[PDB]
Amino acid sequence: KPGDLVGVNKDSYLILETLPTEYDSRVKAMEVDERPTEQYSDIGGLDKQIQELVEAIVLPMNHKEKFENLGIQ
Amino acid sequence: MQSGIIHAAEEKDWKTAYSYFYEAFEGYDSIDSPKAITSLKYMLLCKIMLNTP
Amino acid sequence: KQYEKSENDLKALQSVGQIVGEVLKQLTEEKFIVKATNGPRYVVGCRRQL
Amino acid sequence: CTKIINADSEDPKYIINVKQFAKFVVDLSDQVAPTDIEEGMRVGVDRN
Amino acid sequence: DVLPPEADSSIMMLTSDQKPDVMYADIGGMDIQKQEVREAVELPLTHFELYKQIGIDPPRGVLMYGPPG
Amino acid sequence: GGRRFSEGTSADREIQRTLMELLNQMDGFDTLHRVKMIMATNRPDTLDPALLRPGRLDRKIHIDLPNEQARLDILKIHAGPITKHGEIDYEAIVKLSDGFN
């Protein structure tokens, strides 16, 4: 299957064996910077911009069920 | 008319010969008499060789 | 079953593995100049079994 | 070794990359362990 | 052994996985222009000898500039 | 790439080759229109003189910014999946949206 590392014979080129899928440790470390939380209490400025952003990302993730029912993107 | 005679019989492209002849007749008819007569027969001539009635 | 699956490696090695191309130019039907995917271009044959 | 993940039915293999730009697998002639081959660790391996 | 000079051409390049199919009959007009191009390009390729007998250097390339289309 | 101006970048030309090859293959080395390509442009800035010249073309068709009536009709079909009670608002939205694609 795709994304799987394989062994190829050195002497005559045929795929002999399989090896574990490669992942990257570096990506895992980068993840979850949510702590400490930023909130809107040490990040801010530009009152309108912050409001539109809350409307575009934050609310549709919680309020997800409704969108499906209404039929609207 | 000349461009037409060379293209019709000699070079043998009938579409090319005829097209010039149509212009030649219309131009000829006004000032001329004997010339115009020739150009009309020549119009028929291209197409006779092509062998479409 | 077990036999045929292992044996497949045994035969392939004797066939020898394959270096792959795409056909660059048809000059004649006996020799074709073929271009490797890797890069260096080669002259290959055509057999009458295909 | 660019990354550790391999240890496919032999004492840990990993993908070690030689500077001829080809990848190879490791076996023991001293040992092999999670700690002997690491993410950054360079290795001494034989030509044949 | 040797190969032709034809062999090992690029396929990156145009007109070695295409070819034109057109001819003079297939288009109408610019018959005057068609004869000039033809005289310059087509004749020396086909025939090296005619240009030699007369004694002139075979025809040079033609620069094509004009209206679009 | 395509429009190389009086002078463009080196980069434009390197990518430009991929378009040139496709265009050619489909039309004017042949009389066929069974295999065809329709080209869409969205940025006027880089547009090839090669395409412009016919036999890689014959027509130029402008696909206009939606009309006065046209915006009204798009609004009605888009509103329809969404729960509503009926709005008369579609006429107000067209004014404000004057020149919106």
# chains A, B, ... in the order shown; residues from 1 in each chain; ligands from 1
call {"tool": "residues_around", "arguments": {"residues": "stretch 58-63 of chain E", "least_positions_apart": "3", "cutoff": "12 Å", "atoms": "only C-alpha atoms", "output": "list in words"}}
result
residues 33, 34, 36, 37, 38, 39, 40, 41, 42, 43, 44, 45, 46, 47, 48, 49, 50, 51, 52, 53, 54, 55 and 66 of chain E
call {"tool": "residues_around", "arguments": {"residues": "residue C:18", "least_positions_apart": "6", "cutoff": "9 Å", "atoms": "only C-alpha atoms", "output": "list in words"}}
result
residues 12, 13 and 14 of chain A
call {"tool": "closest_atom_pairs", "arguments": {"of": "chain E", "to": "chain F", "cutoff": "6 Å", "atoms": "only C-alpha atoms", "output": "CSV"}}
result
residue,atom,partner,partner_atom,distance
E:20,CA,F:29,CA,4.8
E:68,CA,F:53,CA,5.3
E:69,CA,F:54,CA,4.7
call {"tool": "write_last_selection", "arguments": {"atoms": "C-alpha atoms", "output": "CSV table (one decimal), in the first residue's frame"}}
result
chain,number,residue,atom,x,y,z
E,20,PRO,CA,1.6,19.4,-39.8
E,68,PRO,CA,-2.7,38.5,-36.4
E,69,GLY,CA,-4.5,35.4,-37.7
call {"tool": "atom_distance", "arguments": {"atom1": "atom CA of residue D:35", "atom2": "atom CA of residue D:8"}}
result
16.8 Å
call {"tool": "residues_around", "arguments": {"residues": "residue B:36", "least_positions_apart": "5", "cutoff": "12 Å", "atoms": "only C-alpha atoms", "output": "VMD selection string"}}
result
chain B and resid 1 21 to 31 41 to 43
call {"tool": "write_last_selection", "arguments": {"atoms": "N, CA and C atoms", "output": "PDB file, in the first residue's frame"}}
result
ATOM      1  N   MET B   1      -8.161  38.275 -63.823  1.00  0.00           N
ATOM      2  CA  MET B   1      -8.281  37.366 -64.909  1.00  0.00           C
ATOM      3  C   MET B   1      -7.004  36.567 -65.194  1.00  0.00           C
ATOM      4  N   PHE B  21     -11.772  34.946 -61.167  1.00  0.00           N
ATOM      5  CA  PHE B  21     -12.597  35.119 -62.374  1.00  0.00           C
ATOM      6  C   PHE B  21     -13.890  35.864 -62.066  1.00  0.00           C
ATOM      7  N   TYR B  22     -14.517  35.602 -60.937  1.00  0.00           N
ATOM      8  CA  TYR B  22     -15.755  36.156 -60.492  1.00  0.00           C
ATOM      9  C   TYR B  22     -15.536  37.663 -60.391  1.00  0.00           C
ATOM     10  N   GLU B  23     -14.424  38.157 -59.816  1.00  0.00           N
ATOM     11  CA  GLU B  23     -14.038  39.557 -59.659  1.00  0.00           C
ATOM     12  C   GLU B  23     -13.752  40.176 -60.976  1.00  0.00           C
ATOM     13  N   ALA B  24     -13.041  39.439 -61.860  1.00  0.00           N
ATOM     14  CA  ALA B  24     -12.655  39.909 -63.128  1.00  0.00           C
ATOM     15  C   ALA B  24     -13.881  40.242 -63.994  1.00  0.00           C
ATOM     16  N   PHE B  25     -14.950  39.480 -64.018  1.00  0.00           N
ATOM     17  CA  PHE B  25     -16.109  39.676 -64.797  1.00  0.00           C
ATOM     18  C   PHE B  25     -16.804  40.969 -64.474  1.00  0.00           C
ATOM     19  N   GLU B  26     -17.000  41.186 -63.158  1.00  0.00           N
ATOM     20  CA  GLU B  26     -17.722  42.300 -62.536  1.00  0.00           C
ATOM     21  C   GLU B  26     -16.960  43.576 -62.826  1.00  0.00           C
ATOM     22  N   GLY B  27     -15.567  43.500 -62.779  1.00  0.00           N
ATOM     23  CA  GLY B  27     -14.785  44.638 -63.095  1.00  0.00           C
ATOM     24  C   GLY B  27     -14.852  44.960 -64.534  1.00  0.00           C
ATOM     25  N   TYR B  28     -14.747  43.929 -65.447  1.00  0.00           N
ATOM     26  CA  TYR B  28     -14.722  43.994 -66.899  1.00  0.00           C
ATOM     27  C   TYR B  28     -15.908  44.505 -67.566  1.00  0.00           C
ATOM     28  N   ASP B  29     -17.101  44.195 -67.020  1.00  0.00           N
ATOM     29  CA  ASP B  29     -18.422  44.393 -67.616  1.00  0.00           C
ATOM     30  C   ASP B  29     -18.674  45.861 -67.901  1.00  0.00           C
ATOM     31  N   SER B  30     -18.225  46.722 -66.842  1.00  0.00           N
ATOM     32  CA  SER B  30     -18.468  48.205 -66.881  1.00  0.00           C
ATOM     33  C   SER B  30     -17.822  48.950 -68.001  1.00  0.00           C
ATOM     34  N   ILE B  31     -16.439  48.939 -68.085  1.00  0.00           N
ATOM     35  CA  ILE B  31     -15.744  49.646 -69.143  1.00  0.00           C
ATOM     36  C   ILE B  31     -15.696  48.925 -70.438  1.00  0.00           C
ATOM     37  N   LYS B  41     -16.792  32.895 -69.850  1.00  0.00           N
ATOM     38  CA  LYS B  41     -16.536  31.511 -70.330  1.00  0.00           C
ATOM     39  C   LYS B  41     -15.553  30.821 -69.529  1.00  0.00           C
ATOM     40  N   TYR B  42     -14.522  31.556 -69.071  1.00  0.00           N
ATOM     41  CA  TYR B  42     -13.421  31.113 -68.250  1.00  0.00           C
ATOM     42  C   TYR B  42     -13.877  30.635 -66.892  1.00  0.00           C
ATOM     43  N   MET B  43     -14.981  31.311 -66.312  1.00  0.00           N
ATOM     44  CA  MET B  43     -15.637  30.977 -65.082  1.00  0.00           C
ATOM     45  C   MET B  43     -16.171  29.583 -65.188  1.00  0.00           C
TER      46      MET B  43
END
call {"tool": "atom_distance", "arguments": {"atom1": "atom CA of residue F:13", "atom2": "atom CA of residue E:10"}}
result
18.0 Å
call {"tool": "select_by_dssp", "arguments": {"residues": "stretch 9-47 of chain C", "states": "alpha helix (DSSP H)", "output": "NGL selection string"}}
result
:C and (9-15)
call {"tool": "atom_distance", "arguments": {"atom1": "atom CA of residue B:40", "atom2": "atom CA of residue E:27"}}
result
24.9 Å
call {"tool": "interface_residues", "arguments": {"of": "chain D", "to": "chain A", "cutoff": "12 Å", "atoms": "only C-alpha atoms", "output": "PDB file with N, CA, C and O atoms, in the first residue's frame"}}
result
ATOM      1  N   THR D   2      17.985   9.468   9.382  1.00  0.00           N
ATOM      2  CA  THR D   2      17.041  10.652   9.411  1.00  0.00           C
ATOM      3  C   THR D   2      15.916  10.392  10.460  1.00  0.00           C
ATOM      4  O   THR D   2      15.634  11.319  11.185  1.00  0.00           O
ATOM      5  N   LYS D   3      15.241   9.186  10.604  1.00  0.00           N
ATOM      6  CA  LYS D   3      14.214   8.875  11.550  1.00  0.00           C
ATOM      7  C   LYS D   3      14.258   7.454  11.886  1.00  0.00           C
ATOM      8  O   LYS D   3      14.590   6.482  11.134  1.00  0.00           O
ATOM      9  N   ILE D   4      13.840   7.207  13.161  1.00  0.00           N
ATOM     10  CA  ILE D   4      13.703   5.918  13.685  1.00  0.00           C
ATOM     11  C   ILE D   4      12.292   5.461  13.524  1.00  0.00           C
ATOM     12  O   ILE D   4      11.484   6.141  14.183  1.00  0.00           O
ATOM     13  N   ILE D   5      11.991   4.319  12.841  1.00  0.00           N
ATOM     14  CA  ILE D   5      10.722   3.676  12.859  1.00  0.00           C
ATOM     15  C   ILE D   5      10.856   2.176  12.576  1.00  0.00           C
ATOM     16  O   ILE D   5       9.942   1.470  12.836  1.00  0.00           O
ATOM     17  N   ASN D   6      11.930   1.628  11.942  1.00  0.00           N
ATOM     18  CA  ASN D   6      12.015   0.350  11.391  1.00  0.00           C
ATOM     19  C   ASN D   6      12.670  -0.605  12.359  1.00  0.00           C
ATOM     20  O   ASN D   6      13.543  -0.201  13.115  1.00  0.00           O
ATOM     21  N   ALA D   7      12.105  -1.843  12.377  1.00  0.00           N
ATOM     22  CA  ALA D   7      12.651  -2.888  13.213  1.00  0.00           C
ATOM     23  C   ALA D   7      11.798  -4.147  12.870  1.00  0.00           C
ATOM     24  O   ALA D   7      11.212  -4.814  13.685  1.00  0.00           O
ATOM     25  N   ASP D   8      11.732  -4.352  11.530  1.00  0.00           N
ATOM     26  CA  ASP D   8      10.889  -5.253  10.840  1.00  0.00           C
ATOM     27  C   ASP D   8      11.480  -6.677  10.788  1.00  0.00           C
ATOM     28  O   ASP D   8      12.192  -7.043   9.809  1.00  0.00           O
ATOM     29  N   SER D   9      11.115  -7.392  11.887  1.00  0.00           N
ATOM     30  CA  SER D   9      11.399  -8.769  12.009  1.00  0.00           C
ATOM     31  C   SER D   9      12.913  -9.036  12.132  1.00  0.00           C
ATOM     32  O   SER D   9      13.364 -10.144  11.802  1.00  0.00           O
ATOM     33  N   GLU D  10      13.661  -8.105  12.786  1.00  0.00           N
ATOM     34  CA  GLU D  10      15.068  -8.293  13.087  1.00  0.00           C
ATOM     35  C   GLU D  10      15.343  -7.189  14.044  1.00  0.00           C
ATOM     36  O   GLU D  10      14.625  -6.222  14.131  1.00  0.00           O
ATOM     37  N   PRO D  12      16.836  -4.035  15.822  1.00  0.00           N
ATOM     38  CA  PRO D  12      16.299  -2.812  15.152  1.00  0.00           C
ATOM     39  C   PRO D  12      17.144  -2.420  13.940  1.00  0.00           C
ATOM     40  O   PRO D  12      18.378  -2.385  14.081  1.00  0.00           O
ATOM     41  N   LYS D  13      16.501  -2.283  12.769  1.00  0.00           N
ATOM     42  CA  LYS D  13      17.017  -1.930  11.441  1.00  0.00           C
ATOM     43  C   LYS D  13      17.227  -0.449  11.235  1.00  0.00           C
ATOM     44  O   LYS D  13      18.295  -0.038  10.739  1.00  0.00           O
ATOM     45  N   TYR D  14      16.131   0.381  11.440  1.00  0.00           N
ATOM     46  CA  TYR D  14      16.128   1.828  11.000  1.00  0.00           C
ATOM     47  C   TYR D  14      16.590   2.084   9.568  1.00  0.00           C
ATOM     48  O   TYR D  14      16.955   1.160   8.815  1.00  0.00           O
ATOM     49  N   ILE D  15      16.310   3.315   9.031  1.00  0.00           N
ATOM     50  CA  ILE D  15      16.640   3.745   7.734  1.00  0.00           C
ATOM     51  C   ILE D  15      17.851   4.608   8.086  1.00  0.00           C
ATOM     52  O   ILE D  15      17.719   5.648   8.747  1.00  0.00           O
ATOM     53  N   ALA D  22      21.383   6.847  -1.003  1.00  0.00           N
ATOM     54  CA  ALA D  22      20.801   5.564  -1.066  1.00  0.00           C
ATOM     55  C   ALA D  22      20.517   5.162   0.391  1.00  0.00           C
ATOM     56  O   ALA D  22      21.267   5.541   1.299  1.00  0.00           O
ATOM     57  N   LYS D  23      19.383   4.427   0.721  1.00  0.00           N
ATOM     58  CA  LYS D  23      19.000   4.100   2.078  1.00  0.00           C
ATOM     59  C   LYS D  23      19.238   2.627   2.257  1.00  0.00           C
ATOM     60  O   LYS D  23      19.308   1.826   1.289  1.00  0.00           O
ATOM     61  N   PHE D  24      19.553   2.207   3.481  1.00  0.00           N
ATOM     62  CA  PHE D  24      20.036   0.912   3.877  1.00  0.00           C
ATOM     63  C   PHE D  24      19.576   0.721   5.300  1.00  0.00           C
ATOM     64  O   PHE D  24      18.940   1.591   5.879  1.00  0.00           O
ATOM     65  N   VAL D  25      19.678  -0.588   5.681  1.00  0.00           N
ATOM     66  CA  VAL D  25      19.193  -1.159   6.866  1.00  0.00           C
ATOM     67  C   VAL D  25      20.441  -1.724   7.562  1.00  0.00           C
ATOM     68  O   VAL D  25      21.489  -2.079   6.968  1.00  0.00           O
ATOM     69  N   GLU D  38      19.278   6.559  16.587  1.00  0.00           N
ATOM     70  CA  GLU D  38      18.368   7.749  16.934  1.00  0.00           C
ATOM     71  C   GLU D  38      18.215   8.570  15.787  1.00  0.00           C
ATOM     72  O   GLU D  38      18.882   8.395  14.781  1.00  0.00           O
ATOM     73  N   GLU D  39      17.288   9.554  15.951  1.00  0.00           N
ATOM     74  CA  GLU D  39      16.820  10.515  14.943  1.00  0.00           C
ATOM     75  C   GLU D  39      17.973  11.281  14.250  1.00  0.00           C
ATOM     76  O   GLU D  39      17.980  11.393  13.046  1.00  0.00           O
ATOM     77  N   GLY D  40      18.900  11.869  15.032  1.00  0.00           N
ATOM     78  CA  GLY D  40      20.046  12.521  14.495  1.00  0.00           C
ATOM     79  C   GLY D  40      21.313  11.639  14.265  1.00  0.00           C
ATOM     80  O   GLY D  40      22.087  11.902  13.343  1.00  0.00           O
ATOM     81  N   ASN D  48      29.746  -3.664   2.206  1.00  0.00           N
ATOM     82  CA  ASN D  48      29.164  -4.811   1.646  1.00  0.00           C
ATOM     83  C   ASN D  48      28.658  -5.739   2.735  1.00  0.00           C
ATOM     84  O   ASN D  48      28.581  -6.951   2.555  1.00  0.00           O
TER      85      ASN D  48
END
call {"tool": "closest_atom_pairs", "arguments": {"of": "chain C", "to": "chain E", "cutoff": "9 Å", "atoms": "only C-alpha atoms", "output": "CSV"}}
result
residue,atom,partner,partner_atom,distance
C:24,CA,E:11,CA,7.0
C:25,CA,E:7,CA,6.8
C:26,CA,E:7,CA,8.4
C:27,CA,E:7,CA,6.8
C:32,CA,E:7,CA,8.9
C:33,CA,E:8,CA,6.6
C:34,CA,E:8,CA,8.4
C:35,CA,E:8,CA,8.7
C:41,CA,E:8,CA,8.0
call {"tool": "residues_around", "arguments": {"residues": "residue F:83", "least_positions_apart": "4", "cutoff": "9 Å", "atoms": "only C-alpha atoms", "output": "PDB file with N, CA and C atoms, in the first residue's frame"}}
result
ATOM      1  N   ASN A  69     -28.568  20.614   9.022  1.00  0.00           N
ATOM      2  CA  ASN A  69     -29.993  20.593   9.075  1.00  0.00           C
ATOM      3  C   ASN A  69     -30.615  21.601   8.094  1.00  0.00           C
ATOM      4  N   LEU A  70     -30.111  22.890   8.179  1.00  0.00           N
ATOM      5  CA  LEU A  70     -30.427  24.049   7.318  1.00  0.00           C
ATOM      6  C   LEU A  70     -30.004  23.798   5.860  1.00  0.00           C
ATOM      7  N   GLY A  71     -28.890  23.094   5.561  1.00  0.00           N
ATOM      8  CA  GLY A  71     -28.576  22.751   4.180  1.00  0.00           C
ATOM      9  C   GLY A  71     -27.646  23.698   3.532  1.00  0.00           C
ATOM     10  N   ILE A  72     -27.315  24.690   4.293  1.00  0.00           N
ATOM     11  CA  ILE A  72     -26.500  25.838   3.916  1.00  0.00           C
ATOM     12  C   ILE A  72     -25.102  25.575   4.380  1.00  0.00           C
TER      13      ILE A  72
ATOM     14  N   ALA F  79     -30.908  30.738  -1.902  1.00  0.00           N
ATOM     15  CA  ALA F  79     -31.793  30.850  -0.722  1.00  0.00           C
ATOM     16  C   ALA F  79     -32.656  29.652  -0.423  1.00  0.00           C
TER      17      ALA F  79
END
call {"tool": "closest_residue", "arguments": {"among": "B:37, B:50, B:45, B:17", "to": "chain E", "atoms": "only C-alpha atoms"}}
result
B:17
call {"tool": "residues_around", "arguments": {"residues": "residue C:10", "least_positions_apart": "5", "cutoff": "12 Å", "atoms": "only C-alpha atoms", "output": "ChimeraX atom specification"}}
result
/A:12,14,16 /C:3-5,15-17
call {"tool": "residues_around", "arguments": {"residues": "stretch 46-48 of chain B", "least_positions_apart": "5", "cutoff": "9 Å", "atoms": "only C-alpha atoms", "output": "list in words"}}
result
residues 8, 9, 13, 14, 15, 17, 18 and 53 of chain B
call {"tool": "closest_atom_pairs", "arguments": {"of": "chain E", "to": "chain B", "cutoff": "9 Å", "atoms": "only C-alpha atoms", "output": "Markdown table"}}
result
| residue | atom | partner | partner_atom | distance |
| --- | --- | --- | --- | --- |
| E:25 | CA | B:13 | CA | 7.3 |
| E:28 | CA | B:16 | CA | 6.9 |
| E:29 | CA | B:16 | CA | 8.0 |
| E:31 | CA | B:16 | CA | 8.5 |
